[PDB]
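The next block is input08.pdb, given as PDB, C-alpha atoms (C1' of nucleotides).
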```pdb
ATOM      1  CA  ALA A1811     -15.344  -5.414   7.559
ATOM      2  CA  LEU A1812     -14.580  -2.122   5.819
ATOM      3  CA  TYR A1813     -12.750  -3.971   3.051
ATOM      4  CA  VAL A1814     -15.725  -6.299   2.610
ATOM      5  CA  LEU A1815     -18.042  -3.300   2.366
ATOM      6  CA  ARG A1816     -15.778  -1.713  -0.238
ATOM      7  CA  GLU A1817     -15.762  -4.930  -2.255
ATOM      8  CA  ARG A1818     -19.554  -5.079  -2.115
ATOM      9  CA  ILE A1819     -19.778  -1.472  -3.291
ATOM     10  CA  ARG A1820     -17.424  -2.232  -6.179
ATOM     11  CA  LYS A1821     -19.541  -5.231  -7.159
ATOM     12  CA  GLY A1822     -22.669  -3.079  -7.096
ATOM     13  CA  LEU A1823     -20.972  -0.484  -9.286
ATOM     14  CA  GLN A1824     -18.990  -3.044 -11.345
ATOM     15  CA  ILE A1825     -15.804  -0.911 -10.951
ATOM     16  CA  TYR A1826     -12.645  -3.054 -11.045
ATOM     17  CA  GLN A1827      -8.901  -2.476 -10.570
ATOM     18  CA  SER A1828      -6.659  -2.841 -13.673
ATOM     19  CA  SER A1829      -4.693  -6.048 -13.007
ATOM     20  CA  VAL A1830      -4.061  -7.187 -16.657
ATOM     21  CA  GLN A1831      -6.455  -7.239 -19.648
ATOM     22  CA  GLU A1832      -5.042 -10.380 -21.330
ATOM     23  CA  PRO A1833      -6.196 -13.788 -19.983
ATOM     24  CA  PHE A1834      -3.715 -15.576 -17.707
ATOM     25  CA  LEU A1835      -2.419 -19.023 -18.577
ATOM     26  CA  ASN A1836      -3.564 -21.234 -15.712
ATOM     27  CA  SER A1837      -4.390 -24.821 -14.687
ATOM     28  CA  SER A1838      -7.850 -24.081 -16.134
ATOM     29  CA  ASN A1839      -6.594 -23.030 -19.583
ATOM     30  CA  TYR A1840      -3.405 -25.101 -19.797
ATOM     31  CA  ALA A1841      -5.044 -27.336 -22.423
ATOM     32  CA  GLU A1842      -5.473 -24.217 -24.611
ATOM     33  CA  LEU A1843      -1.667 -24.157 -25.202
ATOM     34  CA  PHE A1844      -1.701 -27.294 -27.345
ATOM     35  CA  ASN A1845      -4.271 -26.387 -30.012
ATOM     36  CA  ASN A1846      -3.181 -25.725 -33.638
ATOM     37  CA  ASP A1847      -2.397 -22.009 -33.003
ATOM     38  CA  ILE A1848       1.346 -21.211 -32.968
ATOM     39  CA  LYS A1849       2.818 -20.148 -29.611
ATOM     40  CA  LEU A1850       6.057 -19.088 -27.932
ATOM     41  CA  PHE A1851       7.023 -19.207 -24.262
ATOM     42  CA  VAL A1852       9.520 -16.517 -23.202
ATOM     43  CA  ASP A1853      11.756 -16.510 -20.101
ATOM     44  CA  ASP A1854      13.830 -13.512 -18.921
ATOM     45  CA  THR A1855      14.809 -15.142 -15.589
ATOM     46  CA  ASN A1856      18.298 -16.080 -16.868
ATOM     47  CA  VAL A1857      19.368 -12.798 -18.569
ATOM     48  CA  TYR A1858      21.577 -11.236 -15.846
ATOM     49  CA  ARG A1859      23.082 -14.080 -13.798
ATOM     50  CA  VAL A1860      25.258 -13.499 -10.734
ATOM     51  CA  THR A1861      27.987 -15.901 -10.009
ATOM     52  CA  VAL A1862      28.033 -16.369  -6.256
ATOM     53  CA  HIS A1863      29.313 -19.934  -6.687
ATOM     54  CA  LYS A1864      27.926 -22.290  -4.007
ATOM     55  CA  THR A1865      28.637 -26.022  -3.555
ATOM     56  CA  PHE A1866      26.673 -28.552  -1.416
ATOM     57  CA  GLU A1867      28.299 -26.919   1.665
ATOM     58  CA  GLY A1868      27.972 -23.339   0.357
ATOM     59  CA  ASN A1869      31.463 -21.798   0.149
ATOM     60  CA  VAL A1870      31.626 -18.170  -1.075
ATOM     61  CA  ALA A1871      33.114 -17.126  -4.451
ATOM     62  CA  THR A1872      32.084 -14.067  -6.546
ATOM     63  CA  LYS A1873      31.802 -13.719 -10.377
ATOM     64  CA  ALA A1874      29.230 -12.497 -13.026
ATOM     65  CA  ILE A1875      28.427 -14.929 -15.897
ATOM     66  CA  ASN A1876      26.668 -14.810 -19.296
ATOM     67  CA  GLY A1877      22.892 -14.962 -19.682
ATOM     68  CA  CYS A1878      20.229 -16.234 -22.054
ATOM     69  CA  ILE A1879      16.691 -15.548 -23.276
ATOM     70  CA  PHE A1880      14.900 -18.889 -23.372
ATOM     71  CA  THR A1881      12.248 -18.629 -26.101
ATOM     72  CA  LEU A1882      10.461 -21.957 -26.715
ATOM     73  CA  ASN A1883       7.925 -23.180 -29.271
ATOM     74  CA  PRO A1884       5.978 -25.933 -27.433
ATOM     75  CA  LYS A1885       4.479 -27.325 -30.660
ATOM     76  CA  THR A1886       7.666 -27.775 -32.690
ATOM     77  CA  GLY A1887      10.050 -28.013 -29.739
ATOM     78  CA  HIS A1888      12.418 -25.379 -31.202
ATOM     79  CA  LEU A1889      14.305 -23.195 -28.738
ATOM     80  CA  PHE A1890      15.450 -19.795 -29.953
ATOM     81  CA  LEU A1891      18.057 -19.331 -27.226
ATOM     82  CA  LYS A1892      19.540 -15.828 -27.508
ATOM     83  CA  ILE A1893      22.726 -15.906 -25.421
ATOM     84  CA  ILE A1894      23.275 -12.521 -23.773
ATOM     85  CA  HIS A1895      27.014 -11.922 -23.365
ATOM     86  CA  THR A1896      28.406 -10.267 -20.212
ATOM     87  CA  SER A1897      29.950  -7.406 -22.293
ATOM     88  CA  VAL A1898      26.423  -5.905 -22.464
ATOM     89  CA  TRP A1899      26.402  -5.114 -18.726
ATOM     90  CA  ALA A1900      29.826  -3.360 -18.602
ATOM     91  CA  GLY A1901      29.550   0.261 -17.398
ATOM     92  CA  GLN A1902      25.740   0.153 -17.069
ATOM     93  CA  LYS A1903      23.364   1.105 -14.217
ATOM     94  CA  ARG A1904      19.703   0.388 -13.368
ATOM     95  CA  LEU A1905      20.544  -3.047 -14.644
ATOM     96  CA  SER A1906      17.429  -5.130 -14.048
ATOM     97  CA  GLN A1907      15.225  -2.671 -15.920
ATOM     98  CA  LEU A1908      17.678  -2.611 -18.821
ATOM     99  CA  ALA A1909      17.651  -6.404 -18.944
ATOM    100  CA  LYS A1910      13.871  -6.532 -19.375
ATOM    101  CA  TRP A1911      14.065  -4.055 -22.245
ATOM    102  CA  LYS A1912      16.862  -6.056 -23.859
ATOM    103  CA  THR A1913      14.788  -9.226 -23.593
ATOM    104  CA  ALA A1914      11.820  -7.474 -25.184
ATOM    105  CA  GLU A1915      14.014  -6.234 -28.027
ATOM    106  CA  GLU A1916      15.342  -9.744 -28.599
ATOM    107  CA  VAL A1917      11.804 -11.121 -28.690
ATOM    108  CA  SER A1918      10.798  -8.467 -31.218
ATOM    109  CA  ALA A1919      13.794  -9.341 -33.385
ATOM    110  CA  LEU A1920      12.876 -13.025 -33.240
ATOM    111  CA  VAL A1921       9.308 -12.215 -34.258
ATOM    112  CA  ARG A1922      10.570 -10.143 -37.183
ATOM    113  CA  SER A1923      12.816 -13.001 -38.287
ATOM    114  CA  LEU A1924       9.914 -15.475 -38.284
ATOM    115  CA  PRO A1925       7.754 -15.337 -41.455
ATOM    116  CA  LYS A1926       4.011 -14.475 -41.393
ATOM    117  CA  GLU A1927       3.083 -18.188 -41.524
ATOM    118  CA  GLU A1928       5.433 -19.326 -38.734
ATOM    119  CA  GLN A1929       4.814 -16.246 -36.500
ATOM    120  CA  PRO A1930       3.186 -16.687 -33.081
ATOM    121  CA  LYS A1931      -0.392 -15.896 -32.036
TER
ATOM    122  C1'   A B   1     -49.912  27.176  -1.721
ATOM    123  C1'   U B   2     -50.477  21.945   0.916
ATOM    124  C1'   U B   3     -50.462  16.882  -0.665
ATOM    125  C1'   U B   4     -50.626  10.650  -3.261
ATOM    126  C1'   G B   5     -47.394   8.317  -6.245
ATOM    127  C1'   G B   6     -42.703   5.746  -0.417
ATOM    128  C1'   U B   7     -46.146  -0.603   3.183
ATOM    129  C1'   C B   8     -39.664  -5.333   2.815
ATOM    130  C1'   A B   9     -41.205 -10.302   2.096
ATOM    131  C1'   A B  10     -40.844 -15.054   5.354
ATOM    132  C1'   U B  11     -41.626 -17.138  10.402
ATOM    133  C1'   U B  12     -43.674 -16.990  15.519
ATOM    134  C1'   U B  13     -48.480 -13.952  16.829
ATOM    135  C1'   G B  14     -52.788 -13.588  19.934
ATOM    136  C1'   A B  15     -45.915  -6.965  18.315
ATOM    137  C1'   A B  16     -41.735  -9.916  18.411
ATOM    138  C1'   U B  17     -38.028 -12.633  15.370
ATOM    139  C1'   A B  18     -36.191 -12.257  11.411
ATOM    140  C1'   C B  19     -33.363  -8.137   7.571
ATOM    141  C1'   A B  20     -33.958  -8.899   1.176
ATOM    142  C1'   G B  21     -34.243 -14.418   0.861
ATOM    143  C1'   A B  22     -30.772 -18.738  -0.239
ATOM    144  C1'   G B  23     -25.631 -23.351  -5.754
ATOM    145  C1'   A B  24     -21.429 -21.031  -8.489
ATOM    146  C1'   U B  25     -17.598 -21.053 -11.822
ATOM    147  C1'   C B  26     -13.958 -23.939 -15.356
ATOM    148  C1'   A B  27     -13.647 -28.570 -18.234
ATOM    149  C1'   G B  28     -14.506 -33.497 -20.718
ATOM    150  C1'   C B  29     -17.134 -37.223 -23.346
ATOM    151  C1'   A B  30     -21.150 -39.399 -25.748
ATOM    152  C1'   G B  31     -25.312 -38.684 -28.544
ATOM    153  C1'   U B  32     -28.581 -35.926 -32.919
ATOM    154  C1'   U B  33     -28.096 -34.683 -38.365
ATOM    155  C1'   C B  34     -25.280 -34.225 -42.804
ATOM    156  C1'   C B  35     -20.476 -35.037 -45.410
ATOM    157  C1'   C B  36     -15.756 -37.352 -46.566
ATOM    158  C1'   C B  37     -12.401 -41.297 -46.167
ATOM    159  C1'   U B  38     -11.317 -46.309 -44.648
ATOM    160  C1'   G B  39     -12.341 -52.068 -43.516
ATOM    161  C1'   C B  40     -16.152 -55.772 -43.345
ATOM    162  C1'   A B  41     -20.975 -57.806 -44.423
ATOM    163  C1'   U B  42     -25.250 -58.092 -47.336
ATOM    164  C1'   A B  43     -27.503 -57.931 -52.097
ATOM    165  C1'   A B  44     -27.027 -57.075 -56.947
ATOM    166  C1'   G B  45     -23.696 -56.064 -61.165
ATOM    167  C1'   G B  46     -19.536 -56.243 -63.650
ATOM    168  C1'   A B  47     -13.927 -57.168 -64.947
ATOM    169  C1'   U B  48     -10.172 -60.729 -64.777
ATOM    170  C1'   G B  49      -6.852 -64.654 -63.592
ATOM    171  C1'   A B  50      -4.980 -69.256 -63.286
ATOM    172  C1'   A B  51      -1.239 -76.663 -66.571
ATOM    173  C1'   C B  52      -4.432 -80.588 -68.835
ATOM    174  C1'   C B  53      -6.675 -84.436 -70.018
ATOM    175  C1'   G B  54     -11.222 -85.800 -67.815
ATOM    176  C1'   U B  55     -16.297 -88.699 -66.672
ATOM    177  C1'   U B  56     -19.657 -93.585 -67.981
TER
END
```
Structure translated into structure tokens:
Amino acid sequence: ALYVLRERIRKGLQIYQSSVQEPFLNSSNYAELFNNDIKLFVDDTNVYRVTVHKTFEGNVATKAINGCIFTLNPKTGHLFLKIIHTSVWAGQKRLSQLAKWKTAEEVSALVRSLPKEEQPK
RNA sequence: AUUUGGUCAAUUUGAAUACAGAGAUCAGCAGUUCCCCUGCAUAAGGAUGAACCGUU
């Protein structure tokens, strides 16, 4: 009830919590992806992969493999796959955070490489 | 120095019920006009091709 009241108050005032300013890609605006404007999907999910090898049964075996930064142009179908080598992560700490930064850097580099015409919106 | 700018509406009444008052948001497509291209028709108007002789 209290929460509801708070919400109502907010509405009245038109205060809102940050969230994110940019508009989310969604089922609603999925069709927006395939207009003439140039775009690039980026994925940092595969940058620091650890592996714990597991078969159909699930037997244990430890290792830490190479990663990648999947960066895809859905118009042209190009895939600027920056392969992150495992040597990067040797003697490092706060690893996940570092990975994100690395990914960002890579993206920036890619952008720089692309000319003004081919660059993404 | 005092005070007016402060009456919820709606319903049931002969004060009670109500309690602020009753589709939103996102997205297609077609039409309307003008333009451009393309194919066809209609008129008109060209331009040109095609062996070899014809008809009382």
Determine the axis-aligned bounding box of all atoms of region 1913-1918 of chain A present in the file, pad each side by 8 Å, and express its centre and edge lengths in Å to one decimal place as AutoDock Vina command-line options.
```
--center_x 13.1 --center_y -8.7 --center_z -27.4 --size_x 20.5 --size_y 20.9 --size_z 23.6
```
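Residue neighbourhood of region 27-38 of chain B, excluding near-sequence residues (fewer than 6 positions): residues 1837, 1838, 1839, 1840, 1841 and 1842 of chain A, at 12 Å, using all atoms listed in the file.
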Atom pair CA of residue 1931 (chain A) + CA of residue 1848 (chain A), distance 5.7 Å
Rounded to one decimal in Å, what is the spacing between CA of residue 1897 (chain A) and CA of residue 1853 (chain A)?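 A separation of 20.5 Å between them.
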Which of these, A:1826, A:1886, A:1836, A:1821, has the shortest distance to chain B once you count all atoms listed in the file?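 Comparing A:1826, A:1886, A:1836, A:1821 against chain B, the winner is A:1836.
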Write out as a PDB file with C-alpha atoms (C1' of nucleotides), in the coordinates of the input the residues lying within 12 Å of residue 19 (chain B), counting only C-alpha atoms (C1' of nucleotides) and excluding same-chain residues fewer than 3 positions away.
```pdb
ATOM      1  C1'   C B   8     -39.664  -5.333   2.815  1.00  0.00           C
ATOM      2  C1'   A B   9     -41.205 -10.302   2.096  1.00  0.00           C
ATOM      3  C1'   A B  10     -40.844 -15.054   5.354  1.00  0.00           C
TER       4        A B  10
END
```
Quick one: distance from CA of residue 1908 (chain A) to CA of residue 1870 (chain A) in Å, one decimal?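 Separation between CA of residue 1908 (chain A) and CA of residue 1870 (chain A): 27.4 Å.
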Residue 1863 (chain A) environment, 12 Å, all atoms listed in the file, sequence neighbours closer than 4 positions dropped, as an MDAnalysis selection string: chainID A and resid 1859 1867:1875
Within 12 Å of residue 1854 (chain A) using all atoms listed in the file, minus same-chain residues under 3 positions, as a list in words: residues 1851, 1857, 1858, 1859, 1877, 1878, 1879, 1880, 1881, 1882, 1891, 1892, 1893, 1894, 1906, 1907, 1908, 1909, 1910, 1911, 1912, 1913, 1914, 1915, 1916 and 1917 of chain A
